[PDB]
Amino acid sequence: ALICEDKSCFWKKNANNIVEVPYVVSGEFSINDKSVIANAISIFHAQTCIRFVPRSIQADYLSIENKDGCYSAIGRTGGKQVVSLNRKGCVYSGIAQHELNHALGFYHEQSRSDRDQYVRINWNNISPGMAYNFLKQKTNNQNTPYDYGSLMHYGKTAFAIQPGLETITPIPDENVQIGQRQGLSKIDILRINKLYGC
């Protein structure tokens, strides 16, 4: 999780013990795209106290837009904040879950402060100018273990300089699988519930 002692980087929780995260979706998204976004939302609704709600008057909200890739800000940043789900590349339930989980305050798994115990970064295989994506970040690991199966973990060939080259090798067992985009892992869900006191 993001470190933010005062909790101002996170979404507020109401007197019903629900974290309302308001959002809008661009008119460019189709009816099928909206079904996928609902499916992503439904995973959070089934297992956490987070509720993604259509925005009305709230100052702080997510704007789901058809921009250049799949991305989100980390945590609540103030005012309108963008979640891009490029319509060509990103409209899949697990990818949507991944971006929404960034908005809740989570970094990529391999950005964990202790990541060097679990993966090797093969810097020579990373596209030029993309190494910043492999930086360790200032993480609160919430007393949870590293999760190779996290929805927030890059796959082995993320940002490869040439196709198929491996930028991340799990250690000591290189055959562990990383980079699933099926859905939030058990540990991803635990971390949400812990951060928001559900």
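The numbering used is simple: start at 1 and walk along the sequence shown.
Between 143 to 151 and 23 to 31, the higher mean Cα B-factor belongs to 23 to 31.
Comparing the deposited coordinates for 178 to 186 and 5 to 13, the stretch with the larger average C-alpha B-factor is 5 to 13.
Taking the PDB entry at face value, the top CA B factor among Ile37, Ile168, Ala59, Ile50 belongs to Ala59. When the CA B factors of the chain's modelled residues are split into thirds, the value for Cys70 lands in the middle one. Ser111 sits in the lowest third of its chain by CA B factor, as recorded in the PDB entry. Ranked against the other modelled residues of its chain, the C-alpha B-factor of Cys198 as given in the entry falls in the highest third. For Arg120, the recorded CA B-factor ranks within the middle third of the chain. Only modelled residues enter the ranking. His98 sits in the lowest third of its chain by CA B factor, as recorded in the PDB entry.
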